[PDB]
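Read top to bottom, the protein sequences are chains H and C.
Oh and the first sequence: position 183 is 185 in this note's numbering, straight run, nothing missing.
Oh and the second sequence: position 664 is 666 in this note's numbering, straight run, nothing missing.
Here is the structure we will look at.
2 protein chains.
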Amino acid sequence: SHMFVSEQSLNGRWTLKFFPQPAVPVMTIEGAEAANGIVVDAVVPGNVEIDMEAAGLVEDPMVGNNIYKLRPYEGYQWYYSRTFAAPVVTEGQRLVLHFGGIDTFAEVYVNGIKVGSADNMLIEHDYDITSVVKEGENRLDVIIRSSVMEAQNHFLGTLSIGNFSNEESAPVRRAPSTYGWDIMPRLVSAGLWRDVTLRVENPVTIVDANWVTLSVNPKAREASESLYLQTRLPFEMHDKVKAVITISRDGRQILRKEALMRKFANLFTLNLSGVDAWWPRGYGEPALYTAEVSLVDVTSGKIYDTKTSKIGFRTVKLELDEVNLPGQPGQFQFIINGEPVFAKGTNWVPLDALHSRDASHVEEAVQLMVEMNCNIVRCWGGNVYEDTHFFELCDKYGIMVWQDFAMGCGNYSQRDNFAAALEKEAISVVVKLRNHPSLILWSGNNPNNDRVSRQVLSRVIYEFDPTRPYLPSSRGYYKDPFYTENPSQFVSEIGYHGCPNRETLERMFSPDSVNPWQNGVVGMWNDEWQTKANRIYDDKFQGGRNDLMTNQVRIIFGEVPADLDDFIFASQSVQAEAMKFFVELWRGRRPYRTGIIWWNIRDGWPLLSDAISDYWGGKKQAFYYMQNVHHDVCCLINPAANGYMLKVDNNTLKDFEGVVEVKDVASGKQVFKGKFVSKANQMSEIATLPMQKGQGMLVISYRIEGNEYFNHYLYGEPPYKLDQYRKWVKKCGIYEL
Amino acid sequence: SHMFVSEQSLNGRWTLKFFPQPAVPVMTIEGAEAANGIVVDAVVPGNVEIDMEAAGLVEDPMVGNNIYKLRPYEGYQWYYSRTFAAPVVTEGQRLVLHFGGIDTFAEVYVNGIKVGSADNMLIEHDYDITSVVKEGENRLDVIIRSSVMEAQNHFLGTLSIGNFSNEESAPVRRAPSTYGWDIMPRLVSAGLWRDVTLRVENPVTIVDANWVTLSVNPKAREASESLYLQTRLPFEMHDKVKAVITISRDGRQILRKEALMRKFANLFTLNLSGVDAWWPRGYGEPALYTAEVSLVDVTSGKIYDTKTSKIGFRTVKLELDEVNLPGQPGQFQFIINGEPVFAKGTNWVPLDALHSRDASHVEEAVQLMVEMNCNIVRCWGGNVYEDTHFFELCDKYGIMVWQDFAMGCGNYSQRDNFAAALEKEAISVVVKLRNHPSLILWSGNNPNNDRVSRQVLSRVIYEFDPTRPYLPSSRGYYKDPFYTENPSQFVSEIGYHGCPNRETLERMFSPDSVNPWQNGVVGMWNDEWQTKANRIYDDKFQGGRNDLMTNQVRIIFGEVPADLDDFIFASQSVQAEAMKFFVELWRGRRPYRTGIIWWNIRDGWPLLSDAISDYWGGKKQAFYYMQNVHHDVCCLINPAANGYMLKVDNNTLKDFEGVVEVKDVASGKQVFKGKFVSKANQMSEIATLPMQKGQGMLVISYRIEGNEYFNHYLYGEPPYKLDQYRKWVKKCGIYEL
């Protein structure tokens, strides 16, 4: 919330004219209107493929192999055009044209006069159009050119070629996943994918309100909060404007401070009483306070500007362990408000290949994490930066955010132009997000002499966010020593394949391609299944990523099921047991293990992937398994040398008592029953259970403070029988089918 | 070989107009034609002094003191002018004006319109003149200004003044030796010293074909070769062009791979069978393979572009030792294809002061190294970068190349402008030479905080050549402890003075200046002998470098001879014994000693220097002495504590058996005869020979695999008798007089 004098939306219907980009790209209005192209109605915010599908010119890219039919448009130009009424601009005021998203390389014109040249799809773009606006009807024209073709204006270094990120992505500032990944389709797309507004500022305005938590005392309910305020202040207004700072919660005023404005930039330290600290989920309440600052004329009482946001009193420290594998990553632990927190959460991928539809999915997607009880989320660097509302939800629901700078698999340019473009991007995104309490870490996500991670991004954090840590860098049987003997205290990007629900299969695949076994030969994937797992370019081959699902089914159940529903249950049960085991293994091996960020919670396209819920919200079996091992206090079973260790993990700051009962599901015999005391913020061992004979499943039934919780442990050695496994799950009564 | 649509030569007769540079340098065509100057016929490629000498305006600078008469032209401007027919350029095609060498600061005009500004004589210059070319006769005009005068456009730091490299050389990007060195005349010169061509490119063209040897297995006859291909590819041509990669040898195809072009930049890995590794001389064959890549239309079969070059499957590592001297000079060894190689070779200096005649000397000069059996050559930083053909010869003949970035004695600018110019130069020369297997190392030749060596040049290698190492930094009696107790494992830049042959003396000097003793007083050099020493500026003085020659003759032979022919044999024998001892000393002290690069093999002006062959190809006595101690397997004698140690060195990967016989020349008495086993790639000790009485010479005769090899060892203590030494050489029968 930033109360300008006025904000007028330019969202709505525009005119979109597209045409193949000639050898000399079109950059002027005259050439854009003279170009031979097709004109359709467009929607802003949007993507050009959405407007084309509305016009009936492209088929639904979410179906079959229609994604490849968008290939020719990667070399097209896109000419947005509309008219707007000029807002009222009195003397001294400034008129700002704001684009939250321009994908990507575009020339912006107001009344035929160029006002800006854009080169980054991940950050905002503001242009002062005060001197070009006219009375009455005005013209806004944006000529976008081909992003793929922009790559050929650069010479790539050796290490920028041959990586998993496309070479076209290396020299340009766009979301690397747009060019194609293993979990994301190739849809470069284009268009104005976020809001376009007209803002009016007074000569006295708030440039930036930077809120920084300097100290927090959760027990005394105190906190010292700093406000680094920067303003535009004419000298005639010096000593005549005052800043009104207001901290409040639920309409109740906590603190109010007034200070005469004697200079454009000031630091205000607010020592607060009766305030609670912001905590991630499990460790306390996500206490948020409304922080408002206004510039008010001391005489007339005129309000020149107001900046409002919800802050959280919180400190973060990244404790790098350097005695146990100091050279290996993952040897770190987050310290929030002085307390070591164990992290459990998901990786955040694109919400949609057509990123204009991201905002409409943020609410549901964040609700998936709230149901899952994640206390952390790592926003993948192959994706765009999410908008303010996503971080607001993470503030409200107490989910810590690990933000990677937008860089993909590979090494990047060491030269001045890429550094200047990346520094401009880093300064923009940091200034935008640095006041959210959920944000806890910046990551360069990269050999260690790399100018980008070890200089440009680090230098921006040093000057513009010194209170948040910066990290310059980040599949057969789940019980393989590759997982069970992994030394990483903090593991991340750990996934497992799982077939989507049949309903999703029948919706993304053509009816002939819904069954995966082309010509009935099991193990052989038809061309549509191959595309939906994701093939980036239309190549005709057999095998690849799809062979993972089948291989995993054989390892656990001996044979691949021919029945499609039996194959879905088999594949989803493998993903469900594997993912649950990984979380239980890291939680059970505290205090050495410090966190686990799994991959991933939600797909951004109808796809066969490692996600536990698909693009249309269809939750796989893994989602419910994971849900029962993400509780604040979770009773679990880990393998032991001569049996099974029954443990109870506590990701809170309070102690708990309860009773746990483990029994074999097939025989009903009680293996253990007793009271347990789970001390706060630690793993507590209950009892070593004797080894069981053969295959089977144990059911864990525990109750804490009058609430019933359930879990299970599959013992024995695979291959198991799908029907016996099904019958174990059904008699266990925890999960459905 | 880069098959453009067409390449039309502009070499030949041009018009040259020269005039003194006024205070405001002429930079436009109008001022160039208006300036009062002299017009002569010129030849491209060439130097302006060559054109003037053809016009009878300057005397032969290679004779006497005529080099100083070119001084006034250091302040002149040079106006090249020519007409050319426009090549055929169809739609989409691009016309490129290519200059392989512009010395140096020049404004390039095509039809009166400026198309480029040049500021570096060491790299190519390409200008897209498509938009300025006209049908029919076209005009090409180049206005070069004074290089010396360009220096006064900069302010020099303290450490750039007083060094041995000229202050005029510090802020400009030219060969530092052009301004004067101890072994090179001061001839700044000017001109288009390399080819000028017109190239036509298709819209689909090859930008760069970077070949990199990823792994080699010399005994399996296998190797994995990577092709980093960058192209220009219009989007309409995406998915419609294929890359045809062809590895072959002697017209026999080894591998052919076709790949559809889906993006402009790709990495192709070629795992090859039946291929041999490239080895330096002695360690194996210089196996070269023809690597061709073409961009072919999949439908029409049209070939848009083809890039062909001869590659070599080879790996290189530089093993830096620390157990010994603290990262001191020489404490390293080259590891080629996993085998530690002992380096023996020469420093490479300018082939000509008028560098347009370099190319005409490359064949003969490389053949000097092949006759010498050098396996390495260090291209000196005071020289220009050699062209493609010189590296092709080093590929063909198995001579490793240690390339120094062009930089002279002294510290350089730490500011942005010089760093940006050097980065552009490094990027240009690295991309040009990074596909030659002979190229083995890049060197900054620089204190440890220097921006140039420890940042600009290092960052370019890190991004554009990560498979080649980068090194940020590089008497009287030859038995003085200064040499015999030198701790450098890899010695380099080690030389000894030697008077040239008499024919070179009679061709360099005036007939009265052929004898060195002015007015007959022995030891006093006339003004012409002083000039040829090289003396950069015409300052009259006695002594200097020339006193080194006489001093060495006195130490070894007690007195300098009066007869010029006896003085030549005395000075050349000193140089021959001194240089031979150095090579034998380093070869005999393996494995601690890792290499020796001596100075030098050839002169690039008619000069009195430490070279072992002069500018006109006259081999001094040292050339033949050296040739017999550069054999792949060499029997040598080193001094010992209580005698002499007969050793045999092996710079190959094979074993050799033979018989060696050592006997005193004067007497004829056998001192030793026996069989030896020279094990591969090491120094092997044969026998400790007993100490001999007084002065004399031992002759070493060894036979290996039915071949005849010879050497000798001068024993005793100087001064010797020049006649007695000559009788020893004549009775040995090895060397002539």
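Here a beta-carbon is modelled for each residue, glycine too, at the ideal position from N, C-alpha and C.
Quickly, what does DSSP pair residue i with across the bridge? List them, please.
i	result
C:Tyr-472	C:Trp-444
H:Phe-86	H:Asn-140
C:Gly-102	C:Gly-102 is not bridged to any residue.
H:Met-263	Paired residue(s): none; H:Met-263 is not in a bridge.
C:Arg-258	C:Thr-248
H:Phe-712	H:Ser-703
C:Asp-128	C:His-100
H:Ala-120	H:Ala-108
H:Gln-232	H:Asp-210 and H:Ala-267
On a Cα-Cα basis, can you pick out the residue from the options that is closest to residue i?
i	options	result
C:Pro-692	C:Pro-641, C:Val-679 and C:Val-667	C:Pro-641
H:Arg-73	H:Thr-180, H:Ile-131, H:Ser-119 and H:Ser-167	H:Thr-180
C:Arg-595	C:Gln-335, C:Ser-119 and C:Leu-274	C:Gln-335
H:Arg-604	H:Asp-143, H:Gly-347, H:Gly-66 and H:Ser-167	H:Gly-347
H:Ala-422	H:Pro-449, H:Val-454, H:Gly-412 and H:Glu-170	H:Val-454
C:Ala-211	C:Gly-159, C:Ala-267, C:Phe-420 and C:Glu-76	C:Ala-267
H:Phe-393	H:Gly-14, H:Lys-312 and H:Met-374	H:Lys-312
Would you kindly report the start and end of the unbroken alpha helix (DSSP H) that includes residue i?
i	result
C:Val-7	Unbroken run through C:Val-7: none, as it is neither H nor E.
C:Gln-629	623-630
H:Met-510	504-510
H:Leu-459	459-466
C:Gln-554	548-559
For residue i, count the other beta carbons within 10 Å of its own beta carbon; 16 or more makes it buried, fewer makes it exposed. Which is it?
i	result
C:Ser-669	exposed
H:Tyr-498	buried
H:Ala-87	exposed
H:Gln-544	exposed
C:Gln-23	buried
H:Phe-166	exposed
C:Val-635	buried
C:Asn-273	exposed
H:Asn-339	buried
H:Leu-161	buried
What are the start and end residues of the beta strand (DSSP E) that includes residue i?
i	result
C:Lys-677	672-680
C:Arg-589	Element bounds for C:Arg-589: not the beta strand (DSSP E) but the alpha helix (DSSP H), 566-589.
residue 742 of chain H	The displayed coordinates of chain H run from 3 to 739. Any statement about residue 742 of chain H would go beyond what the structure contains.
C:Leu-700	698-706
C:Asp-210	207-219
C:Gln-532	Premise fails: C:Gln-532 lies in the alpha helix (DSSP H), 529-533, not in any beta strand (DSSP E).
Compare the C-beta of residue i against all C-beta atoms of chain B and say whether one is closer than 8 Å.
i	result
H:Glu-76	Looking at the structure shown, chain B is missing, and the protein chains on hand are H and C.
Checklist entry - Between the region 160-193 of chain H and chain C, which residues of the former have CB atoms less than 7 Å from a CB of the latter, in chain order? => result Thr-160, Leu-161, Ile-163, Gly-164, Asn-168, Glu-169 and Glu-170
Next on the checklist: Under 8 Å, CB to CB, which of the residues in the region 484-497 of chain H have a partner in chain C?
Outcome noted: none
Item to check | Where the region 459-477 of chain C meets chain H: residues whose CB sits under 9 Å from a CB there | outcome: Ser-460, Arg-461, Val-462, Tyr-464, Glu-465, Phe-466, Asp-467, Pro-468 and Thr-469
Next on the checklist: If the cut-off is 9 Å on Cβ atoms, which residues from the region 216-238 of chain C count as contacting chain H, listed in chain order?
Outcome noted: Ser-228, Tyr-230, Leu-231, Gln-232, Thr-233, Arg-234, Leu-235, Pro-236, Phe-237 and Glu-238
Item to check | Contact residues within the region 146-159 of chain H, judged by C-beta distance below 9 Å to chain C | outcome: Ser-148, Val-150, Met-151, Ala-153, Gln-154, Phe-157, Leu-158 and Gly-159
Checklist entry - Using Cβ-Cβ distances below 8 Å, what residues of the region 532-564 of chain H are close to chain C? => result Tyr-539
Checklist entry - If contact means a Cβ-Cβ distance below 7 Å, which residues of the region 68-101 of chain C contact chain H? => result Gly-94
Next on the checklist: Residues of the region 446-460 of chain H in Cβ contact with chain C at a cutoff of 8 Å, in chain order, please.
Outcome noted: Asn-451 and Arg-453
Checklist entry - Just by C-beta distance, which residues in the region 251-268 of chain C are closer than 9 Å to chain H? => result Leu-262, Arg-264, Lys-265, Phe-266, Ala-267 and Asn-268
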